[PDB]
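Working notes, structure below.
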Amino acid sequence: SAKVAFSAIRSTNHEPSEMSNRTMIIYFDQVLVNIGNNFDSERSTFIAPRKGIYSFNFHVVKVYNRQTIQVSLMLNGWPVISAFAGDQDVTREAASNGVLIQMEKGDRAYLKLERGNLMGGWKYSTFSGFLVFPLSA
């Protein structure tokens, strides 16, 4: 179908899991939207069901931050857009960015922590995206 959208948030303060620490893939436990079930909640990865233009937005919140972090949106292991939050001191900072990208069927989109750490949790972090249109209006 031409109705594809997902939305996930971090509803908890909990520290990252062993696997998350190893893969560095930012996990989102609460999924508000998942039309088409194209977002793999277990892997926190979006798999494009068809060719089209997709929109992604993310806001990774570290309310209890220490040391700077880099969050990147990954497309098949390659970084598209990146964002930075924080000074080596303690603060509350958000890593936000957004982009429109073309995806093929089976293409994988996810967030990876290229730099820094998630100690203190990443509560209030959001990750959403949708199909703008498949591949004039």
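Labels for the structure tokens follow display order: chains A, B, ..., residues from 1 in each chain, ligands from 1.
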Selection near stretch 55-67 of chain A, 10 Å with only C-alpha atoms, sequence-local residues under 2 positions removed, as a ChimeraX atom specification: /A:5-10,13,26,53,69-73,83-102,109-111,115-133
Could you check the closest approach to residue A:22 for each of A:113, A:68, A:81, A:137 and tell me which residue wins, using only C-alpha atoms? A:113
Please run DSSP on the backbone and report, as a compact mmCIF listing (two decimals) with N, CA and C atoms, in the first residue's frame, all residues within chain A that come out as alpha helix (DSSP H).
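Wrote it out as selection32.txt, contents follow:
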# COMPACT_ATOMS: atom_id res chain seq x y z
N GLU A 18 23.54 -5.05 26.82
CA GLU A 18 24.81 -5.56 26.33
C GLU A 18 24.88 -5.48 24.81
N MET A 19 23.84 -5.97 24.14
CA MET A 19 23.79 -5.93 22.69
C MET A 19 23.85 -4.50 22.15
N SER A 20 23.06 -3.61 22.74
CA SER A 20 23.08 -2.21 22.32
C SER A 20 24.48 -1.60 22.46
N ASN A 21 25.18 -1.98 23.53
CA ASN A 21 26.54 -1.52 23.76
C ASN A 21 27.50 -2.02 22.69
N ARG A 22 27.25 -3.23 22.20
CA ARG A 22 28.07 -3.85 21.16
C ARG A 22 27.77 -3.36 19.75
N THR A 23 26.49 -3.20 19.43
CA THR A 23 26.07 -2.80 18.08
C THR A 23 26.02 -1.28 17.96
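Here the question is which of A:112, A:44, A:107, A:38 gets nearest to residue A:82 using only C-alpha atoms, and that residue is A:112.
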What separation in Å, quoted to one decimal, exists between atom CA of residue A:11 and atom CA of residue A:49? 26.9 Å
May I have all residues of chain A that DSSP, computed from the backbone, assigns to strand (DSSP E or B), given as a PyMOL selection string? chain A and resi 5-9+25+30-35+39-40+45-47+52-66+69-75+78-85+90-103+108-115+126-134
When you count only C-alpha atoms, which of these residues is closest to residue A:15: A:39, A:27, A:54, A:46?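 Distance minimum relative to residue A:15 lands on A:27.
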Test item: residues at most 8 Å from residue A:104, only C-alpha atoms, excluding those fewer than 4 positions along its chain, as a ChimeraX atom specification: /A:48-52
Would you put the residues from that selection into a file with N, CA and C atoms, as an mmCIF file, in the first residue's frame?
data_model
loop_
_atom_site.group_PDB
_atom_site.id
_atom_site.type_symbol
_atom_site.label_atom_id
_atom_site.label_comp_id
_atom_site.auth_asym_id
_atom_site.auth_seq_id
_atom_site.Cartn_x
_atom_site.Cartn_y
_atom_site.Cartn_z
ATOM 1 N N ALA A 48 12.310 -0.532 4.305
ATOM 2 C CA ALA A 48 11.447 0.011 3.265
ATOM 3 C C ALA A 48 10.748 -1.101 2.481
ATOM 4 N N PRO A 49 9.404 -1.108 2.476
ATOM 5 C CA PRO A 49 8.642 -2.154 1.788
ATOM 6 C C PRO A 49 8.600 -1.975 0.274
ATOM 7 N N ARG A 50 8.980 -0.795 -0.204
ATOM 8 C CA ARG A 50 8.892 -0.486 -1.624
ATOM 9 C C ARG A 50 9.722 0.737 -1.986
ATOM 10 N N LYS A 51 9.970 0.909 -3.279
ATOM 11 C CA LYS A 51 10.698 2.068 -3.769
ATOM 12 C C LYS A 51 9.885 3.342 -3.598
ATOM 13 N N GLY A 52 10.508 4.357 -3.009
ATOM 14 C CA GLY A 52 9.859 5.639 -2.816
ATOM 15 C C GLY A 52 10.729 6.596 -2.032
#
Straight-line distance linking atom CA of residue A:1 with atom CA of residue A:29, stated in Å to one decimal: 25.9 Å
In Å, rounded to a single decimal, give me how far atom CA of residue A:43 is from atom CA of residue A:25.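 Straight-line distance from atom CA of residue A:25 to atom CA of residue A:43 works out to 8.0 Å.
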Measuring between only C-alpha atoms, which one of A:105, A:14, A:4, A:28 shows the shortest distance to residue A:41?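 That would be A:28, the residue with the smallest distance to residue A:41.
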